[PDB]
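Okay, so here's the structure we're looking at.
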Amino acid sequence: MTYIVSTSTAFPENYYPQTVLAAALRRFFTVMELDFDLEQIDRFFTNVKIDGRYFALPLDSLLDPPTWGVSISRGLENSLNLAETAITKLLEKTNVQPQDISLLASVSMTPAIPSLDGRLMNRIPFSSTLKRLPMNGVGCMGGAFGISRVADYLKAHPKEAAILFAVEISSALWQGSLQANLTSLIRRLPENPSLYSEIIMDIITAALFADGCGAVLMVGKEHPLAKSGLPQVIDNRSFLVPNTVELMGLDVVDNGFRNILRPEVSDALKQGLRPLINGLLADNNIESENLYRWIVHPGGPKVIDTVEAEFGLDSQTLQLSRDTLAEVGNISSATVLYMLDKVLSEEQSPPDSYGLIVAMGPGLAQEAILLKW
Amino acid sequence: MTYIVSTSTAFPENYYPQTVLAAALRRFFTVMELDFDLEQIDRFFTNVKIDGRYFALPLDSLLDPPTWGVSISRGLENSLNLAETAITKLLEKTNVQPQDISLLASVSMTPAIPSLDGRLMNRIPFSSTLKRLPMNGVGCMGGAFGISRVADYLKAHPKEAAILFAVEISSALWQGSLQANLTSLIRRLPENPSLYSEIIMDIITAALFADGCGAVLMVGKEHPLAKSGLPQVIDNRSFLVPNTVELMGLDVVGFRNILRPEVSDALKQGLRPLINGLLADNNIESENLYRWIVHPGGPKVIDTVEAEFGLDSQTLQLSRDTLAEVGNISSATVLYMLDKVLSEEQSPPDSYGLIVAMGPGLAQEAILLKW
Ligand SMILES: CCCCCCCCCCCC(=O)CC=O
């Protein structure tokens, strides 16, 4: 099995209260004379249950946005800076030399060819023969997805150590994509009311997603750092719900990027969540009521409610999902790593207690990881 | 260890002779009255030593490019179609059901969130719990890179079978990106003389890169298909040359392909440390290798590998023949070459082969094979 040894996070300098971000979007609507009810901005910025968010990229780009390449360059540079900080903090706290890392796995939606993990090799003295696992196309689920893929690798390499990091810059959407699309949709709205749901989805995207980075150090069973107090990855499983590609994803469009998040995600989630988790738990002779801890990615407050209702959970079991959403918002693939970092600073989990990491993302795909302390 | 069982390829319907592609680019320069030597286009389209290329995206609309939104959707759809065809041929020729594949690995620069491998489970009846390995950020190295990562997974799963596919749509750059960049670059050439080298690199990009897909079926040692005589993946290794990020890659701006002239010289810093170290740790020398399978980044790349290892002029002929047949199809190229080896050539028993590819980073990948 694989041992999760330590975690770290990194955030940009500028933390904005959710009230400030809502007012920023309201002002953009108002200065632009867009015929749309401003109360819907407040409604969805309130209903997402987020108190504030880190933005790596400027907020003033709302009114006058820079060029595509400039924003792309800034997102790439900020992603590298956060990833380097998270990895350096992780290595320092574990007293692990970079040359003793065998695999560096990455998940990020920031366009990077070569990948972020390759570029970091020029900032941190990894050995030039470092193995890399640059993953993409997984979106919000990438944090849990990466843990599973690294655990599968360390199954065959019990002596090795691996680092996984997840970094996302959701503020790139505020650099011109959200502005151009909301303007076009609202101005074309009078001629066809079918665009109303499209405007709402873009407002929800502006309300929900934030910037951040998390990292995790994972080692094989025979590594010196594999100690009995640590969570062990004992199994993992993926699930993809058929014919749900259009429900969630990130599309490249004329206006830049467009985040896709349809309201039918919550009901498609039910089609995959219980078959995924029930099968994983049963195949390990575990019942869900005996799980000591849940670590569920907060795609939204509705997603948390759906997971709670589907498994009949007491409403403080997923409190970490709600607290994380309030503190940092939805930071996409990095969120579950941030949450895992919070757990590892809680008191020592009772021995032999079982935990579950659950994430959902484009696909529509779900990832489940069974942990044991 | 890990066995390579079979391979397949998939290409779009339109095969364009290189002279036709060169003529199309000249027509763009001529119509737009771009002040630049038209014979620079002819020499670079000729000197890449490519006879023709497959373009999945249209060439008719070169002078009137469609929107970038519909180009991405077309590239996404063409990528899905080529991958589905290659995987289906692979499954049919091996008589393997989709539900019996444990892992589907993908490498592609085509923007896809969710990834291509996820979207393919709605076209091919894979199990809903299929494990996926969507990789990106590796460019032309992807095919060799994917083989190594699947091999490492199958080291922990000796009973399982995995599919890797690589697909790239290089013709996406002909849907507006090369047109916009070359126009602006040529206009500023009188004002900025140093922009000549930038025009050359875009012309080389237009001459070099093509579309295609390749797929490979790999199994662990305990799988029923793991029979003697098939190539074994006995080891693999990666190498990234320090401080060479700007030499190769793909930038968002549409796109711009980055391929600096210093690429071939920078390869010398990584090739021999990578390959000789890998072979020494497996108790063989490069002279023991019976077959080289080297990604043809270009005629200069092939020559550099030849000189670094003191190879005969025909040892890397497969790289040159592939370049002539289909051009540089990026991550898919080495899979196409491996397909030629497994399907058309005799590999002596217990002989050694080496897959070598290089891509953005600058990175190189080596995979040691044994029959
Ligand atoms: C350079 C960064 C480009 C912008 C990244 C977008 C970050 C927001 C997360 C939602 C995107 C998505 O749909 C996939 C997740 O499920």
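Letters for chains follow the order of the structure tokens (A, B, ...), residue numbers begin at 1 for each chain, and ligand numbers begin at 1 in the order shown.
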Query - Shell of 6 Å around range 353-370 of chain A, only C-alpha atoms, local chain residues under 6 positions omitted, as an NGL selection string - result: (:A and (138-141 or 234-241 or 244-245 or 248-249 or 291-297)) or (:B and (114 or 118))
Give me, as an mmCIF file with N, CA and C atoms, in the first residue's frame, the residues of chain B touching chain A, with the criterion being at most 9 Å (counting only C-alpha atoms).
data_model
loop_
_atom_site.group_PDB
_atom_site.id
_atom_site.type_symbol
_atom_site.label_atom_id
_atom_site.label_comp_id
_atom_site.auth_asym_id
_atom_site.auth_seq_id
_atom_site.Cartn_x
_atom_site.Cartn_y
_atom_site.Cartn_z
ATOM 1 N N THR B 67 -14.040 30.354 -37.492
ATOM 2 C CA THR B 67 -13.800 30.826 -36.137
ATOM 3 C C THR B 67 -12.972 29.808 -35.356
ATOM 4 N N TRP B 68 -12.260 30.307 -34.342
ATOM 5 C CA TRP B 68 -11.439 29.421 -33.524
ATOM 6 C C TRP B 68 -12.291 28.470 -32.692
ATOM 7 N N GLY B 69 -13.519 28.866 -32.355
ATOM 8 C CA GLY B 69 -14.400 27.963 -31.632
ATOM 9 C C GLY B 69 -14.756 26.726 -32.436
ATOM 10 N N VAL B 70 -15.122 26.915 -33.706
ATOM 11 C CA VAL B 70 -15.488 25.772 -34.537
ATOM 12 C C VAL B 70 -14.265 24.968 -34.962
ATOM 13 N N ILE B 72 -11.658 24.349 -32.882
ATOM 14 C CA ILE B 72 -11.401 23.498 -31.725
ATOM 15 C C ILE B 72 -12.389 22.340 -31.684
ATOM 16 N N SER B 73 -13.666 22.618 -31.959
ATOM 17 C CA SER B 73 -14.665 21.554 -31.968
ATOM 18 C C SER B 73 -14.360 20.526 -33.051
ATOM 19 N N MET B 109 -2.360 16.879 -27.519
ATOM 20 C CA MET B 109 -2.375 18.313 -27.299
ATOM 21 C C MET B 109 -3.725 18.931 -27.636
ATOM 22 N N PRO B 111 -7.129 20.305 -27.087
ATOM 23 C CA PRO B 111 -7.821 20.715 -25.856
ATOM 24 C C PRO B 111 -9.051 19.853 -25.620
ATOM 25 N N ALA B 112 -9.119 19.250 -24.431
ATOM 26 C CA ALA B 112 -10.192 18.308 -24.114
ATOM 27 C C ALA B 112 -10.350 18.246 -22.597
ATOM 28 N N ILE B 113 -11.365 18.932 -22.083
ATOM 29 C CA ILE B 113 -11.746 18.819 -20.677
ATOM 30 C C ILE B 113 -13.250 18.570 -20.638
ATOM 31 N N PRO B 114 -13.712 17.324 -20.432
ATOM 32 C CA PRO B 114 -12.941 16.120 -20.098
ATOM 33 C C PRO B 114 -12.057 15.586 -21.224
ATOM 34 N N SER B 115 -11.083 14.765 -20.839
ATOM 35 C CA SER B 115 -10.067 14.273 -21.754
ATOM 36 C C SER B 115 -10.680 13.382 -22.834
ATOM 37 N N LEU B 116 -9.868 13.106 -23.858
ATOM 38 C CA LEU B 116 -10.318 12.270 -24.965
ATOM 39 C C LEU B 116 -10.673 10.867 -24.492
ATOM 40 N N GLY B 118 -11.818 9.874 -21.602
ATOM 41 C CA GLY B 118 -13.124 9.871 -20.965
ATOM 42 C C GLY B 118 -14.257 9.924 -21.972
ATOM 43 N N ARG B 119 -14.136 10.793 -22.977
ATOM 44 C CA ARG B 119 -15.185 10.914 -23.983
ATOM 45 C C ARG B 119 -15.346 9.630 -24.785
ATOM 46 N N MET B 121 -15.318 6.601 -23.738
ATOM 47 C CA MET B 121 -16.120 5.557 -23.109
ATOM 48 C C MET B 121 -17.602 5.649 -23.466
ATOM 49 N N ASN B 122 -18.044 6.732 -24.106
ATOM 50 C CA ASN B 122 -19.386 6.791 -24.671
ATOM 51 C C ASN B 122 -19.463 6.228 -26.084
ATOM 52 N N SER B 127 -15.759 -0.740 -19.406
ATOM 53 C CA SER B 127 -16.372 -0.742 -18.084
ATOM 54 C C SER B 127 -16.417 0.677 -17.528
ATOM 55 N N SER B 128 -17.500 0.997 -16.815
ATOM 56 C CA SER B 128 -17.645 2.336 -16.252
ATOM 57 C C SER B 128 -16.567 2.647 -15.220
ATOM 58 N N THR B 129 -15.948 1.622 -14.631
ATOM 59 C CA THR B 129 -14.850 1.791 -13.690
ATOM 60 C C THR B 129 -13.484 1.713 -14.362
ATOM 61 N N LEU B 130 -13.418 1.965 -15.669
ATOM 62 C CA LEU B 130 -12.143 1.969 -16.376
ATOM 63 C C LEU B 130 -11.191 2.982 -15.754
ATOM 64 N N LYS B 131 -9.949 2.558 -15.528
ATOM 65 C CA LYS B 131 -8.898 3.475 -15.114
ATOM 66 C C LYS B 131 -8.378 4.234 -16.326
ATOM 67 N N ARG B 132 -8.091 5.517 -16.133
ATOM 68 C CA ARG B 132 -7.676 6.382 -17.224
ATOM 69 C C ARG B 132 -6.369 7.071 -16.867
ATOM 70 N N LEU B 133 -5.567 7.347 -17.891
ATOM 71 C CA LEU B 133 -4.290 8.041 -17.735
ATOM 72 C C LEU B 133 -4.197 9.107 -18.816
ATOM 73 N N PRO B 134 -4.879 10.233 -18.635
ATOM 74 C CA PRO B 134 -4.815 11.317 -19.624
ATOM 75 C C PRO B 134 -3.594 12.190 -19.382
ATOM 76 N N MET B 135 -2.643 12.145 -20.306
ATOM 77 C CA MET B 135 -1.438 12.947 -20.167
ATOM 78 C C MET B 135 -1.388 14.028 -21.238
ATOM 79 N N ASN B 136 -0.697 15.117 -20.908
ATOM 80 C CA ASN B 136 -0.508 16.243 -21.809
ATOM 81 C C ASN B 136 0.791 16.933 -21.413
ATOM 82 N N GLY B 137 1.088 18.043 -22.082
ATOM 83 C CA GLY B 137 2.306 18.770 -21.788
ATOM 84 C C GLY B 137 3.578 18.062 -22.192
ATOM 85 N N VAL B 138 3.488 17.082 -23.088
ATOM 86 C CA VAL B 138 4.656 16.330 -23.531
ATOM 87 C C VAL B 138 4.906 16.438 -25.029
ATOM 88 N N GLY B 139 3.927 16.866 -25.824
ATOM 89 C CA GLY B 139 4.166 17.127 -27.237
ATOM 90 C C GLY B 139 4.628 15.899 -28.000
ATOM 91 N N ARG B 149 4.933 5.146 -19.118
ATOM 92 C CA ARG B 149 4.041 5.283 -17.971
ATOM 93 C C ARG B 149 3.114 4.081 -17.845
ATOM 94 N N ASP B 152 5.125 1.221 -16.362
ATOM 95 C CA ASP B 152 5.297 1.329 -14.916
ATOM 96 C C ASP B 152 4.034 0.903 -14.176
ATOM 97 N N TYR B 153 2.860 1.260 -14.707
ATOM 98 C CA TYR B 153 1.604 0.802 -14.116
ATOM 99 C C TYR B 153 1.488 -0.715 -14.178
ATOM 100 N N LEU B 154 1.770 -1.298 -15.343
ATOM 101 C CA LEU B 154 1.618 -2.738 -15.503
ATOM 102 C C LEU B 154 2.632 -3.526 -14.687
ATOM 103 N N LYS B 155 3.672 -2.870 -14.170
ATOM 104 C CA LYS B 155 4.583 -3.547 -13.256
ATOM 105 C C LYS B 155 3.883 -3.911 -11.954
ATOM 106 N N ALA B 156 2.901 -3.110 -11.537
ATOM 107 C CA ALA B 156 2.096 -3.402 -10.359
ATOM 108 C C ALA B 156 0.863 -4.241 -10.665
ATOM 109 N N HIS B 157 0.502 -4.405 -11.935
ATOM 110 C CA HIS B 157 -0.724 -5.102 -12.328
ATOM 111 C C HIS B 157 -0.396 -6.143 -13.392
ATOM 112 N N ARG B 237 13.476 5.151 -19.234
ATOM 113 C CA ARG B 237 14.082 6.249 -18.492
ATOM 114 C C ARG B 237 13.745 7.574 -19.161
ATOM 115 N N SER B 238 13.650 8.623 -18.342
ATOM 116 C CA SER B 238 13.382 9.985 -18.781
ATOM 117 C C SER B 238 14.598 10.871 -18.539
ATOM 118 N N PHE B 239 14.668 11.963 -19.297
ATOM 119 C CA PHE B 239 15.720 12.957 -19.130
ATOM 120 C C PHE B 239 15.181 14.309 -19.570
ATOM 121 N N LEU B 240 15.440 15.344 -18.773
ATOM 122 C CA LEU B 240 15.054 16.709 -19.112
ATOM 123 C C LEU B 240 16.293 17.589 -19.082
ATOM 124 N N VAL B 241 16.591 18.224 -20.210
ATOM 125 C CA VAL B 241 17.788 19.051 -20.336
ATOM 126 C C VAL B 241 17.561 20.366 -19.599
ATOM 127 N N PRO B 242 18.417 20.717 -18.643
ATOM 128 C CA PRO B 242 18.200 21.948 -17.875
ATOM 129 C C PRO B 242 18.165 23.180 -18.769
ATOM 130 N N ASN B 243 17.215 24.070 -18.472
ATOM 131 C CA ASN B 243 17.187 25.430 -19.013
ATOM 132 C C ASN B 243 17.039 25.448 -20.534
ATOM 133 N N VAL B 245 13.565 25.363 -21.820
ATOM 134 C CA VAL B 245 12.111 25.446 -21.945
ATOM 135 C C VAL B 245 11.723 26.166 -23.231
ATOM 136 N N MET B 248 11.459 24.357 -27.335
ATOM 137 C CA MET B 248 10.370 23.599 -27.936
ATOM 138 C C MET B 248 9.134 23.666 -27.052
ATOM 139 N N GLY B 249 7.971 23.720 -27.687
ATOM 140 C CA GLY B 249 6.716 23.706 -26.968
ATOM 141 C C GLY B 249 5.598 24.243 -27.841
ATOM 142 N N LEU B 250 4.427 24.377 -27.221
ATOM 143 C CA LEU B 250 3.248 24.942 -27.868
ATOM 144 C C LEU B 250 2.697 26.051 -26.987
ATOM 145 N N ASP B 251 2.585 27.251 -27.547
ATOM 146 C CA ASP B 251 2.148 28.425 -26.807
ATOM 147 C C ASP B 251 0.760 28.850 -27.263
ATOM 148 N N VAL B 252 -0.046 29.308 -26.316
ATOM 149 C CA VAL B 252 -1.322 29.938 -26.626
ATOM 150 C C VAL B 252 -1.072 31.423 -26.841
ATOM 151 N N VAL B 253 -1.638 31.968 -27.912
ATOM 152 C CA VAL B 253 -1.462 33.377 -28.231
ATOM 153 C C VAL B 253 -2.714 33.914 -28.914
ATOM 154 N N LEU B 274 21.331 9.859 -21.190
ATOM 155 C CA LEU B 274 20.105 9.094 -20.993
ATOM 156 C C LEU B 274 20.269 7.650 -21.458
ATOM 157 N N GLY B 359 10.968 15.821 -26.996
ATOM 158 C CA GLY B 359 9.886 16.770 -27.054
ATOM 159 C C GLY B 359 10.122 17.968 -26.165
ATOM 160 N N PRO B 360 9.073 18.762 -25.958
ATOM 161 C CA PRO B 360 9.216 19.981 -25.159
ATOM 162 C C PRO B 360 9.726 19.680 -23.760
ATOM 163 N N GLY B 361 10.498 20.629 -23.234
ATOM 164 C CA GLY B 361 11.016 20.584 -21.883
ATOM 165 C C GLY B 361 12.409 21.145 -21.638
ATOM 166 N N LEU B 362 13.417 20.918 -22.486
ATOM 167 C CA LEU B 362 13.491 19.864 -23.491
ATOM 168 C C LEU B 362 13.621 18.498 -22.828
ATOM 169 N N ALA B 363 12.839 17.525 -23.281
ATOM 170 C CA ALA B 363 12.807 16.215 -22.651
ATOM 171 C C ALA B 363 13.065 15.124 -23.678
#
Query - DSSP helix (DSSP H, G or I) residues within range 62-282 of chain A, as a ChimeraX atom specification - result: /A:62,68-94,98-100,116-120,139-155,170-175,177-191,193-208,245-247,265-282
Requested in this report: Please identify all polymer residues within 10 Å of range 324-327 of chain A, counting only C-alpha atoms, omitting same-chain residues fewer than 4 positions from it, and present them as a ChimeraX atom specification.
Outcome: /A:17-18,48-54,208-210,297-301,319-320,331,335-336,338-339,342
Query - Per-residue DSSP, range 106-214 of chain A, filtered to strand (DSSP E or B), as a ChimeraX atom specification - result: /A:106-107,113,131-135,161-169,209,211-214
Please dump the current selection as a PDB file, in the first residue's frame; keep N, CA and C atoms.
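Result written to result.pdb:
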ATOM      1  N   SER A 106       1.555  15.920 -11.698  1.00  0.00           N
ATOM      2  CA  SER A 106       0.912  17.226 -11.726  1.00  0.00           C
ATOM      3  C   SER A 106      -0.483  17.132 -12.327  1.00  0.00           C
ATOM      4  N   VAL A 107      -1.393  17.953 -11.805  1.00  0.00           N
ATOM      5  CA  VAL A 107      -2.692  18.177 -12.428  1.00  0.00           C
ATOM      6  C   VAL A 107      -2.958  19.674 -12.455  1.00  0.00           C
ATOM      7  N   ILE A 113       2.812  23.542 -22.282  1.00  0.00           N
ATOM      8  CA  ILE A 113       3.599  22.592 -23.066  1.00  0.00           C
ATOM      9  C   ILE A 113       4.973  23.214 -23.286  1.00  0.00           C
ATOM     10  N   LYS A 131      11.048  10.983 -12.944  1.00  0.00           N
ATOM     11  CA  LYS A 131       9.845  10.544 -13.635  1.00  0.00           C
ATOM     12  C   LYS A 131       8.728  11.550 -13.403  1.00  0.00           C
ATOM     13  N   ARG A 132       7.978  11.851 -14.458  1.00  0.00           N
ATOM     14  CA  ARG A 132       6.926  12.854 -14.396  1.00  0.00           C
ATOM     15  C   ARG A 132       5.601  12.243 -14.828  1.00  0.00           C
ATOM     16  N   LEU A 133       4.510  12.751 -14.255  1.00  0.00           N
ATOM     17  CA  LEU A 133       3.157  12.308 -14.597  1.00  0.00           C
ATOM     18  C   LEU A 133       2.262  13.527 -14.753  1.00  0.00           C
ATOM     19  N   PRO A 134       2.345  14.213 -15.892  1.00  0.00           N
ATOM     20  CA  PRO A 134       1.523  15.410 -16.109  1.00  0.00           C
ATOM     21  C   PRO A 134       0.140  15.024 -16.605  1.00  0.00           C
ATOM     22  N   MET A 135      -0.868  15.263 -15.776  1.00  0.00           N
ATOM     23  CA  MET A 135      -2.235  14.879 -16.085  1.00  0.00           C
ATOM     24  C   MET A 135      -3.076  16.114 -16.381  1.00  0.00           C
ATOM     25  N   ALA A 161       9.596   7.582  -3.345  1.00  0.00           N
ATOM     26  CA  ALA A 161       8.791   8.700  -2.882  1.00  0.00           C
ATOM     27  C   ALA A 161       8.310   9.493  -4.088  1.00  0.00           C
ATOM     28  N   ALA A 162       7.086  10.003  -4.001  1.00  0.00           N
ATOM     29  CA  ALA A 162       6.491  10.773  -5.078  1.00  0.00           C
ATOM     30  C   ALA A 162       5.823  12.013  -4.510  1.00  0.00           C
ATOM     31  N   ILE A 163       5.824  13.076  -5.304  1.00  0.00           N
ATOM     32  CA  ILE A 163       5.124  14.307  -4.970  1.00  0.00           C
ATOM     33  C   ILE A 163       4.038  14.520  -6.013  1.00  0.00           C
ATOM     34  N   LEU A 164       2.835  14.852  -5.552  1.00  0.00           N
ATOM     35  CA  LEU A 164       1.742  15.274  -6.415  1.00  0.00           C
ATOM     36  C   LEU A 164       1.383  16.706  -6.056  1.00  0.00           C
ATOM     37  N   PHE A 165       1.213  17.556  -7.066  1.00  0.00           N
ATOM     38  CA  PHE A 165       0.688  18.890  -6.833  1.00  0.00           C
ATOM     39  C   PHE A 165      -0.446  19.197  -7.801  1.00  0.00           C
ATOM     40  N   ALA A 166      -1.380  20.016  -7.319  1.00  0.00           N
ATOM     41  CA  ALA A 166      -2.510  20.515  -8.088  1.00  0.00           C
ATOM     42  C   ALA A 166      -2.558  22.025  -7.936  1.00  0.00           C
ATOM     43  N   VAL A 167      -2.622  22.739  -9.054  1.00  0.00           N
ATOM     44  CA  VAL A 167      -2.714  24.195  -9.024  1.00  0.00           C
ATOM     45  C   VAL A 167      -3.690  24.636 -10.106  1.00  0.00           C
ATOM     46  N   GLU A 168      -4.591  25.553  -9.761  1.00  0.00           N
ATOM     47  CA  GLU A 168      -5.532  26.093 -10.731  1.00  0.00           C
ATOM     48  C   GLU A 168      -5.615  27.603 -10.567  1.00  0.00           C
ATOM     49  N   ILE A 169      -5.769  28.305 -11.683  1.00  0.00           N
ATOM     50  CA  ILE A 169      -5.922  29.760 -11.679  1.00  0.00           C
ATOM     51  C   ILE A 169      -7.302  30.051 -12.259  1.00  0.00           C
ATOM     52  N   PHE A 209     -15.522  29.734  -8.420  1.00  0.00           N
ATOM     53  CA  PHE A 209     -14.184  29.186  -8.581  1.00  0.00           C
ATOM     54  C   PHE A 209     -13.108  30.188  -8.177  1.00  0.00           C
ATOM     55  N   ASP A 211      -8.516  30.419  -6.906  1.00  0.00           N
ATOM     56  CA  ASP A 211      -7.145  30.031  -7.210  1.00  0.00           C
ATOM     57  C   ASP A 211      -6.488  29.392  -5.990  1.00  0.00           C
ATOM     58  N   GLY A 212      -5.603  28.430  -6.233  1.00  0.00           N
ATOM     59  CA  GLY A 212      -4.889  27.807  -5.133  1.00  0.00           C
ATOM     60  C   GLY A 212      -4.074  26.625  -5.602  1.00  0.00           C
ATOM     61  N   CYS A 213      -3.223  26.146  -4.694  1.00  0.00           N
ATOM     62  CA  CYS A 213      -2.346  25.016  -4.968  1.00  0.00           C
ATOM     63  C   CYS A 213      -2.208  24.142  -3.732  1.00  0.00           C
ATOM     64  N   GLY A 214      -2.254  22.835  -3.942  1.00  0.00           N
ATOM     65  CA  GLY A 214      -1.954  21.886  -2.889  1.00  0.00           C
ATOM     66  C   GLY A 214      -0.955  20.864  -3.382  1.00  0.00           C
TER      67      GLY A 214
END
**Report entry** Neighbour list for range 298-305 of chain B as a list in words, cut-off 9 Å, only C-alpha atoms, skip fewer than 6 positions in-chain
**Finding:**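 That gives residues 47, 48, 49, 208, 263, 264, 265, 267, 268, 271, 311, 313, 316, 319, 320, 323 and 328 of chain B.
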Report summary line: Between A:343, A:281, A:230, A:178, smallest distance to ligand 1 by only C-alpha atoms and all ligand atoms belongs to A:178
Query raised in the report: Looking at B:66, B:349, B:158, B:297, which one is nearest to residue 261 in chain B, with distances taken over only C-alpha atoms?
Result: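 Using only C-alpha atoms, the shortest distance to residue 261 in chain B belongs to B:297.
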